[PDB]
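[1] experimental structure and sequence below.
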Amino acid sequence: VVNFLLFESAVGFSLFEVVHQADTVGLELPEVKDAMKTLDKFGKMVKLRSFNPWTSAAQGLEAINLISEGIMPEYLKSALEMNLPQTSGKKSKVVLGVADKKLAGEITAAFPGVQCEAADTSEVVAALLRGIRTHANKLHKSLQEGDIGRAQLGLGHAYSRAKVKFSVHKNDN
Amino acid sequence: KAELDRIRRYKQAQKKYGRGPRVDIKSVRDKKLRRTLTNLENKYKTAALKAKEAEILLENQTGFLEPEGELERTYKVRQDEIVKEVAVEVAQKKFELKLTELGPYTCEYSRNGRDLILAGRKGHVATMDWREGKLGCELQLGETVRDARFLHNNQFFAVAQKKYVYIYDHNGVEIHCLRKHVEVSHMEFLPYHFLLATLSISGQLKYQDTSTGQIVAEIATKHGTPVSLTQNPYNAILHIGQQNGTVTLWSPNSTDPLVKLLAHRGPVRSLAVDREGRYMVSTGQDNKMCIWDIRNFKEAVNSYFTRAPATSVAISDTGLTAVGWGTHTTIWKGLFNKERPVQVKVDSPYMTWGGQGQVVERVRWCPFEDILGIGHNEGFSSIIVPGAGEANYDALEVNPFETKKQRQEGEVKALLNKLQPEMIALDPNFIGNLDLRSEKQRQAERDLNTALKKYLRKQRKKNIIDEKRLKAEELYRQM
Amino acid sequence: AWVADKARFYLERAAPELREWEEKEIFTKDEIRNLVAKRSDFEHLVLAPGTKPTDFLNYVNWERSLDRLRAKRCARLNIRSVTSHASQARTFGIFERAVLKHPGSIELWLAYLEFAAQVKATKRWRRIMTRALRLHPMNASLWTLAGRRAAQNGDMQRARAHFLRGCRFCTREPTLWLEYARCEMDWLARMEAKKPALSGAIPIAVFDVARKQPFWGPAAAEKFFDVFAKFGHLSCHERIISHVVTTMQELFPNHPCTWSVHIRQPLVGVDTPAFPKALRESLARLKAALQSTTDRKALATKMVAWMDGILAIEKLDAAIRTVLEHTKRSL
Amino acid sequence: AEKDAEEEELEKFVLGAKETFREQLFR
Amino acid sequence: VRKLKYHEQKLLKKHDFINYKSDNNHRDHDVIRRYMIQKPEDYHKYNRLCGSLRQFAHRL
Amino acid sequence: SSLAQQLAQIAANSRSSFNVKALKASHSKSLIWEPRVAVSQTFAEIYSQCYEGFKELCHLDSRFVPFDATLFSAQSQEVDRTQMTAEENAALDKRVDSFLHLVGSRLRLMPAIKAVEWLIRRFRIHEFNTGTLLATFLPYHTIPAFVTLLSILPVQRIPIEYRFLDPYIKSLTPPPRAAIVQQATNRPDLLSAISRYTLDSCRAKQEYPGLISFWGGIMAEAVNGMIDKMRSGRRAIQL
Amino acid sequence: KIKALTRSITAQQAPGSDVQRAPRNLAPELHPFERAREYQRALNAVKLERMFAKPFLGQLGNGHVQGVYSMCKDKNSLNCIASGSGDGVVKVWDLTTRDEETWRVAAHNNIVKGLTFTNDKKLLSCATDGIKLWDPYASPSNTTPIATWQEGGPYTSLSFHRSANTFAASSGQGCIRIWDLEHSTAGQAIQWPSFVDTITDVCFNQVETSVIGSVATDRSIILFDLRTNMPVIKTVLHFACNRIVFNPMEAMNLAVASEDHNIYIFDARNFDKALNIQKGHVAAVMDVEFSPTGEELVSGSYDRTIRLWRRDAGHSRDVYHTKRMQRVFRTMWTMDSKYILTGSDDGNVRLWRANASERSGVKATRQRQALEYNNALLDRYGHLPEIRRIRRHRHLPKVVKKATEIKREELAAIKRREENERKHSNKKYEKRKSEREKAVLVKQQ
């Protein structure tokens, strides 16, 4: 049973709040797969709760080079402090759904009241984040300034160049 | 008090939308049945109340005309005065088609009033969209034409030729001819069942299912050629009107007539019946017309007189009626009010169309506009009359502006909810009532000096001795 | 598009209020037909596929003006039985499906907050403010609206909650930091006028944490001083101003903003014999600043802007006024 | 008159002004 | 009428507006159209004559 | 097909639309907006844009202030011309003819074209006042606004005198002065209609030098061609 | 004062919008044949649900080798199933990936009679060997158990507590014995004082904790209070009961699946009469399980049938069968209360659905409104003859049909013999004892 879920993309990270959660026994069923296909039957499942864009491409570069290595960033901790109900897990918990297992462990260690479900382990949150990645252009378009294609393009170039150190020994042009 | 309006609102909604008296919750002896029936009575009460409260969102207004002065009267109002005083989108609809050389014409609208078909006697059958002014079809057919009729849509129509009926597509390409229906003089299409009911000149009435294509029940009306035929829109029973002067009520589930309302001394010339199924006005060859309550089967008022044997009569979506006699039609307003328990006679007609030498063959109401189409020997003439026409239609049942997608979806839903022809009776809401004989037999198999002389008179004739008769003989000996 | 079947519910919900208005003598039947047609056109425009926040705001404005018109007419016809609660409920419904459809429009979020604050709905206002802050966390205007209304209510702990999460998020621009220092010193002035707090160390702590932010410029610290210099009638105001000046002097030694705060420091709570005394002190600082080695065009533009601010006040002497003009003209 | 000008402005905005449109036509 | 869906066709198995079973596979229409008969009455007159001829052969 | 002829005359004389596609086409006919946008436009959007245009026109010239009360009214958002009687329709025709005589001088300007677009899209002047609208756009027969008006005009609604414009409606090009002058020498009705329009304007003192030069040039060339036609050499025929 | 009704097409579409406006008038003059059109829609709804009644969904993995004689869900999780076969191998399945098993072990020698999940993550299994405990979810897979128990006679079934780490094992010595994990070794043996026959099934009441029901081959049901460790009440029925179960929403109601081909719904406070008697089977009932909503029942029988029941019905809502399904031993819901699972004697665990014609997933509003409208319409007009015969027609296999015809003949013959003995004996002057009262032979404490 999922309550909220994180979703990080190149323009920023947004957390959705699930209402009418997905059936977990009939996940391999054709009617439920068609529901995950169609936006008119998956937007009933997800409702956009919060959005945090980057301030700059330097912050987006730091975001990938923290998230891919596993460690969560301070502004992700900030937005989770802002959006999640402040609890400690003694009598009531909040189930968050995240894509990566190391990020799950760190969010659970930073917030003791938030139980995280990784998409690498749990098939329900895997199918649910898969549907959000499918329809991610239309779920954000009311506050998607511009597009996502050039943002992903420039951010993949910046991430690859920071990993490779390309400009310091490419000079022949 | 202030709650008097509340009690009046509930009485009015229980009258209109209640569809029944009420369930008596005090006589229920079971406890769970009592609380579930109290729950059901609360839900049905708020159902009728919310329907009455949501009758405010109706958009349009019913048209009318009322005389101002004490000398001015409503039947002296000219069509030029109506056209001058009325709006232009409805003053456009008052036209006149001048078709002279091809017989007296016969008008029939589609049941949304989009397209009308008019058929001459000598063959000229045309199908037009009379507001947009385009004709969908026009064809000549040669031989005579008894009656033309639209089917469920304006796609198919059906024409009664000199021998058979023929049904045609939208372009006029003849789909097929029906050979079982020979010499058809009258036709009527049940809209909710998909039956097409044809009276021949021989007096045989055949119901053909239009959707599947098999004739359901050939009834032979045993007496005479029929003079007229109409169709109750509430029961889907057929009021045919004979030549000895009775109208008979027919249904495909019986070879005898359901009732026979005795009527005018001569043959009845025309019939009409309300869309709520309340009242029927008939015009006879003896110059009288008279109206009947149908739910009680008695005559409502005295016979009005028409000054000629009325060729047609057609009553509107509201209370108006057009009775078309000789060469000019007259429209009456208040013949049968629904609210009054005892009806009163109307002194003067509502309005009269002129007699200028064109003999009226058939009058029809356009089903949702406030006009009236008269088909006469000079062609078709549409006049505008303000009081008529249902102002507020329901877009789910029948729509005057139905698009192509809405027409396709509505035709498929009407095909899926076509009613079987055995669901036709005098009261159309009987489905689910008790079989009292079967219930008495079920309860039996669960719980398990003036007549006893005619008993022996009937049982001395068999001549089976049958020990109950031996006991009856000993009883008669003791008496 | 099932929009007809979708708007049928909202029209059938608005029907019994129209029945009450028709059974009273408040709206006549033709006017109620006009209300039915206008609400029907508005609902079939609102629930359409391609819609807009201006369309939702036009419907909100029409329903709210209908409530105001019926209030005027009810007071004129002297009825007290008719209530505005159904109209407020349906206006909240319009706004809730508005913020469902277009959550990324701050004009519609602020119109929702203005409506909920105007018809006395404080708890509902706080919930709407939380949802708006979750959707637009980088919006300094929403954060200051939340913090200032919680301070205006007086829940200073909730105002600090909103403001510290806001300064955690909005670190590109100085705006929310300046507004937080303004709100904390306004709380300090409220604590003084009610007569820790005796030290007033919180704007110094705000400055010390703001020293390492991505907006930390000398112009930003001058904006901090221009916020602090208002409402000087306090206790530790000289402590705060002196700490700002020694911070700017130890960090940006020869900037024209630091020379400007060296000019305009000793005029904290002056309005009056202490006014021209501190003016002569500040003008000595200003003349030393003008002759000193600093970007004189930048410092002169700062001083002619501050001197327009000086010339905006009456009740001064003409010799001082004309020597301000004489020192202005050669810059 | 017994109506405020603000009330007549709200009546012209909310309820419509069809009667005064016909009055402005027939002059 | 639109093309019927799966469940709509299964409920209207015996339905078509165009060809009934009384239309006899539109043999009348096909023969009239092929041989340019300008009267369907002339088709059915020829057909009832051929039917009387075939019952004479049957009684022979 | 005498019945098809009678029904064709009825359908041409009819004025209000009676099916949904006809309403959508008649609402789609506009001057400014393309048809794909002009189908989906309510009468509040059109009134907002065209009332900005009329505000500019009423700030230019002083004498548009009665039309501010009668034609461009917030109540005149809602009035359907086909639902009023014959005398209401005739008084509306008089008001429209007065506005068109008034607006003919400034018709090259986009405020005046927005005002004419309001009249066209609300009161359907291109269908109900085709004579006065076509005559007031005739002195501007070299402009793209005249090309657009010629595009949105119904064919059978044009008067008989202006039926030279049919090839210029079939191929959307502005008609030349040679075509207008040649039809003026051939038909007396077109010359009488142009002269009646400009004299009915000049009696109301709403003249402008473009209209005066237009009428003077076309009546001069039309009387020239008319004399060259009337010359016959036979005495009684030339008399 | 002339005025006629003018309809613009603005009443159908406002210009500038694609919304087809649909004005509605609810007056009954416009809508004829209300009851007849609704009857036709109800008949269409019955024929539609008989067409789209397609209940078989799948089969978990390759199955077992010999038949599935025990299986148990995880009542905390939603996709954790386990099943122990007849050759003594148990498998733990994950319902999200039904392609292969998650964890299997050659557990015992004999058949696996009982099986359960603990509340932490571990699972327990009975046999005639003795019960064992495994950790099926560990980062190395371990085949070896981490606890075993042999003393206490031959065990037959398990049942775990709802909250704590307590569980009760029904043995064959006439006792149940109760362990608490992590601080008990031999457990506490609760028994009826002089009891010999084996206790077949055991079931903790999940609603009311510390109330344990059990059936025994004395054709009897027995209760147990765990708070004061003693038996409570014992009633002898007429035939042997195969399995007891409790209602997960009503704490006091229980159901016994019994060799009388029958399900008896009892009240635990008053064992005088059965609250309900579900009678639809042909061979003996092997397993019964309440839905987690507490309003429906599954019964797997000893012939080849699964029967789905409402709680107040008394007759079958659905019957499921298959030529490949050999016998049925254990049927249980998933915690969705939408799908049921069937452990057969063919070695197969099959996944069926309850509400056989109702598809899952997210529905659009005009889709689920059509389905809810059809269900309400069948609730009203479901008793009319055409609608009744089409909604009751279901294809049964030839053996089950022939044997239920034989059972109807034998029951009618027995009723005729009893009625003739009543009409010609001295029992005529007595009140007819109701059948729910005849369901219980004796009750004792």
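    Ah, there it is. Numbering: from 1, shown residues only, chains lettered A, B, ... in the order given.
[2] show me what stretch F:113-127 is in contact with.
    Contacts of stretch F:113-127 with the rest of the structure, by C-beta atoms under 8 Å, 6 or more residues apart in numbering or on different chains, involve F:15, F:26-27, F:29-32, F:38, F:43, F:46-47, F:49-54, F:56-57, F:71-72, F:76-77, F:79, F:81, F:92, F:96, F:99-100, F:103, F:107, F:133, F:145, F:149, F:152-154, F:157. Using the backbone N, CA and C atoms, a C-beta is placed for each residue, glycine as well.
[3] kindly export it (C-alpha atoms) in CSV.
    Written as CSV, here are the backbone C-alpha positions of stretch F:113-127 (Å, rounded to 0.1, in the frame of the first residue of the first chain):
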residue,chain,number,x,y,z
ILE,F,113,-12.8,46.7,-39.5
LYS,F,114,-13.2,45.2,-36.0
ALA,F,115,-16.5,47.1,-35.7
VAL,F,116,-17.7,45.8,-39.0
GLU,F,117,-16.7,42.3,-37.9
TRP,F,118,-18.9,42.7,-34.8
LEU,F,119,-21.9,43.7,-37.0
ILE,F,120,-21.1,40.7,-39.3
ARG,F,121,-20.7,38.2,-36.6
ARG,F,122,-23.6,39.2,-34.4
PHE,F,123,-26.3,40.8,-36.6
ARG,F,124,-25.3,38.9,-39.8
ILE,F,125,-25.1,42.1,-42.0
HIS,F,126,-23.5,40.1,-44.8
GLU,F,127,-26.8,38.2,-45.1
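[4] nearest residue to the spatially most central residue of chain B in space, please, no chain neighbours.
    In chain B, the residue lying closest to the centroid (C-alpha atoms, centre = their mean) is residue B:232, at 2.6 Å. Nearest residue to residue B:232, sequence neighbours excluded (C-beta to C-beta, 6 or more residues apart in numbering or on different chains): residue B:273, at 5.0 Å.
[5] residue contacts, that neighbour?
    B:230, B:231, B:232, B:233, B:239, B:279, B:280, B:281, B:294, B:315.
[6] just those: which are in strands?
    B:230, B:231, B:239, B:279, B:280, B:281, B:315 (DSSP state E).
[7] nearest to chain F among these?
    residue B:315 (24.7 Å; C-beta to the nearest C-beta).
[8] okay but that closest one is in contact with residue B:274, surely?
    Yes. Applying C-beta atoms under 8 Å, one finds residue B:315 in contact with residue B:274, separated by 6.2 Å.
[9] coming back round to it: let me have the ones in strands among the contacts of residue B:273 in a markdown table, extended by neighbour count and distance to residue G:137.
    Formatted as a markdown table, the ones in strands among the contacts of residue B:273 follow (neighbours: other C-beta atoms under 10 Å in any protein chain shown; distance: C-beta to C-beta, whole Å):
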| residue | neighbour count | distance to residue G:137 |
| --- | --- | --- |
| B:230 | 21 | 79 |
| B:231 | 19 | 74 |
| B:239 | 26 | 79 |
| B:279 | 22 | 79 |
| B:280 | 27 | 80 |
| B:281 | 24 | 84 |
| B:315 | 25 | 79 |
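[10] what about residue G:132, distance to residue G:147?
    Residue G:132 is 7 Å from residue G:147, where distance means C-beta to C-beta, to the nearest Å.
[11] correct me if wrong, but residue A:152 is in a helix.
    Yes. Counting by DSSP: H, G, I helix; E, B strand; the rest coil, residue A:152 is part of a helix.
[12] point me to the residue of chain C nearest chain D.
    For chain C, C-beta to the nearest C-beta, closest residue to chain D: residue C:69, 4.2 Å.
[13] can you name the next helix or strand after the helix or strand hosting that residue?
    Residue C:69 belongs to helix C:53-77 when assigned by DSSP states H and E. Downstream of helix C:53-77, the first helix or strand assigned by DSSP H and E is helix C:85-101.
[14] now what about that next one, what contacts it?
    Residues contacting helix C:85-101 (C-beta under 8 Å, 6+ apart): A:47, A:142, C:10, C:13-14, C:17, C:46, C:51, C:53, C:56, C:59-60, C:63-64, C:66-67, C:70, C:108-109, C:111-112, C:115-116, C:119, C:124, C:131.
[15] nearest spatial neighbour of the closest residue to chain C within the stretch 101-250 of chain G, chain-adjacent residues omitted?
    Chain C sits closest to residue G:249 of the stretch 101-250 of chain G, with a gap of 32.7 Å, by C-beta to the nearest C-beta. Once flanking residues are discounted, residue G:249 sits nearest to residue G:294: 3.0 Å by C-beta to C-beta, 6+ apart.
[16] tell me the SS of the one you found?
    coil.
[17] wait, isn't it in contact with residue G:247?
    Yes. With contact defined as C-beta under 8 Å, residue G:294 reaches residue G:247; the gap is 5.1 Å.
[18] strands of chain A, start to end?
    Going by DSSP E, chain A shows strands at A:4-9, A:12-18, A:46-53, A:94-98, A:114-118.
[19] okay, buried residues for the last one please.
    In terms of neighbour count (16 or more other C-beta atoms under 10 Å in any protein chain shown), strand A:114-118 has its buried residues at A:114, A:116, A:117, A:118.
[20] same for that strand, what does it pack against?
    Contacts defined by 3 or more C-beta pairs under 8 Å, 6 or more residues apart in numbering or on different chains; DSSP states H and E place strand A:114-118 against strand A:94-98, helix A:101-110, helix A:123-134.
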